[PDB]
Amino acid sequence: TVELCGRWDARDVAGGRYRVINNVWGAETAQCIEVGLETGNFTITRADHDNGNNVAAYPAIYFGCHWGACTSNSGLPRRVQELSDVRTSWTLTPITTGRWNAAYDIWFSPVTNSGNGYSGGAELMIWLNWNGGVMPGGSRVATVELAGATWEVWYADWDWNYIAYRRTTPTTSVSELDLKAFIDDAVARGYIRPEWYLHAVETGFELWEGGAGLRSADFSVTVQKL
């Protein structure tokens, strides 16, 4: 494995199919992750965060294009209306301390260039586990059954539409989770336009306080075009 401690450190993994990012985007507090280069599995070995109500970081693994940095042959960005299947698998190891979540972060925008972000697009999160009383942004607008489980639907109308699906009960793993079901629900709600592009599928841990001991493993994402 390799240890990453730099704020914006990254490593291509799984033959370039995915990329792992330390991503300490909202704080100066220290954080390191130990990464398996073949699998992309990583454990947060250190996290001095104590950021109050604002996220300190989001160590993650992703498929696609994150702020212009794309993985190898992901087939993304690709219009939502041109998607027929989007699947993902992940196994997370939770901890009993700190304030954090274990969640997917999926980015959409009207344009194909993601170098400057996703303004005017959407961010769809899928929260699988958490600790410390953290809550999604915005307000809960519904509770819906999708892809084999039940989810609270949280929405915030920011520079981009924020949609977070929070499982009614925590879990530590998903296998071939139907991401397209979530995208379809968000489109139905008017939060994502079919003409918009899916840029990236990411998962990891949003950290507010602490986080050492959390582990991400068995990541996979596949996308099938129509």
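Numbering starts at 1 and follows the sequence shown.
The stretch 140-148 shows the higher mean C-alpha B-factor when 140-148 is compared against 101-109 in the entry. Taking the PDB entry as given, 21-29 carries the higher mean Cα B factor of the two stretches 21-29 and 203-211.
Note on the listed residues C65, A181, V55, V174: the highest Cα temperature factor in the record is that of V55.
For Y191, the recorded CA temperature factor ranks within the middle third of the chain's modelled residues. When all modelled residues of the chain are sorted by CA temperature factor, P94 is found within the middle third.
Ranked within its chain, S84 lands in the highest third, by CA B factor from the PDB record. For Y118, the recorded CA B-factor ranks within the highest third of the chain. Only modelled residues enter the ranking. Among all modelled residues in this chain, the alpha-carbon of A10 has a temperature factor (C-alpha) in the highest third.
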